[PDB]
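Asks: sequence plus experimental coordinates follow:
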Amino acid sequence: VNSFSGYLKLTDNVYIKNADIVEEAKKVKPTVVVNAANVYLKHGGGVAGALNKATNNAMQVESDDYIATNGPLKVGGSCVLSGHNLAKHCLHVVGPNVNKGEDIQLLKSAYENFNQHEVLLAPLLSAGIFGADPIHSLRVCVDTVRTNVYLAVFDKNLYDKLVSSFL
Ligand SMILES: Cc1cc2c(=O)n(CCN3C(=O)c4ccccc4S3(=O)=O)nnc2s1
């Protein structure tokens, strides 16, 4: 039993809710919140911009030190950093950005990072400003993630479409 509330159950391990991931993390304080990161951990917009703003830019400060030490992530890769005031940890995961021409096949590799954590609060990878089809992102999530994932979808119209079209 966990404290995630109001989710629809899609499969044995995947749950979904029309919610603002910033507000969900602030309420639940999950062990792991997933950020929709880029390889430079430049948290400018979309989910990353919102998560970072909620940390008063502390996420960006920590991320800049991480990049200065380690260099950029790989598309499809991830790193674990602090969750600041939102969660114990933040798993920064890089899904492919379609508006950069990146290989959508890398979306499965991106979701594989979730399997290293027993429970996560997450957005749909490569959705929003990353330019992929969210119905496809949900499909890849369900077919790749085996650990317990709680998906927050900001847009109510999209959530209904994802639910209604979910096979
Ligand atoms: C605070 C934040 C949550 C969040 C999120 O959940 N996503 C993934 C789901 N969405 C889309 O694919 C999408 C496409 C067109 C318009 C609106 C949306 S959407 O509902 O935001 N993307 N960006 C953000 S920014």
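Replies: Sure thing, it's come through. Numbers count the residues shown, from 1 in each chain.
Asks: residue of the chain closest to the ligand, please.
Replies: Closest contact between the chain and the ligand, by CB to the nearest ligand atom, is at residue 128 (2.2 Å). For the C-beta atoms, the positions are set from N, CA and C on the backbone; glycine is no exception.
Asks: now that residue: closest residue in space that isn't a chain neighbour?
Replies: Across the structure, with CB to CB, 6 or more residues apart in numbering as the measure, the residue nearest residue 128 apart from its sequence neighbours is residue 46 (4.7 Å).
Asks: can you give me the strands in the chain?
Replies: 8-9, 14-18, 32-36, 78-82, 89-93, 119-122, 148-153 (DSSP state E).
Asks: and those strands, which is most packed in?
Replies: strand 32-36 (a mean of 28; mean count of other CB atoms under 10 Å).
Asks: run through the neighbouring helices and strands of that strand.
Replies: Under the contact definition 3 or more CB pairs under 8 Å, 6 or more residues apart in numbering; DSSP states H and E, strand 32-36 sits against helix 46-54, strand 89-93, strand 119-122.
Asks: tell me how far the helix ranked longest in the chain lies from the chain's centre.
Replies: Among the segments of the chain that qualify as a helix by DSSP state H, the longest is helix 58-70. Using CA atoms, centre = their mean, to the nearest Å, the mean C-alpha position of helix 58-70 is found 18 Å from that of the whole chain.
Asks: distance from the chain centre to stretch 143-160, please.
Replies: 9 Å.
Asks: what's the first-to-last distance across that stretch?
Replies: 20 Å (CA to CA, to the nearest Å).
Asks: and for residue 50, the neighbour number?
Replies: Neighbouring residues of residue 50 were enumerated by other CB atoms under 10 Å; the total is 18.
Asks: could you do residue 143 as well?
Replies: Applying the criterion other CB under 10 Å, we find 12 residues in the vicinity of residue 143.
Asks: quick check: bridge partners of residue 119?
Replies: residue 148 (DSSP bridges).
Asks: that one: what's it in contact with?
Replies: Shown here is residue 119, whose contacts under the criterion CB atoms under 8 Å, 6 or more residues apart in numbering are 2, 30-32, 147-150.
Asks: again, but for residue 15
Replies: Counting by CB under 8 Å, 6+ apart, residue 15 touches 4, 7-9, 148-151.
Asks: list just the nearest of the residues you listed to residue 50.
Replies: Looking at the contacts of residue 15 and their distance to residue 50, the nearest is residue 151, at 15.6 Å (CB to CB).
Asks: surely that closest one and residue 18 touch.
Replies: No: distance between residue 151 and residue 18: 10.0 Å, which falls outside the contact criterion (CB atoms under 8 Å).
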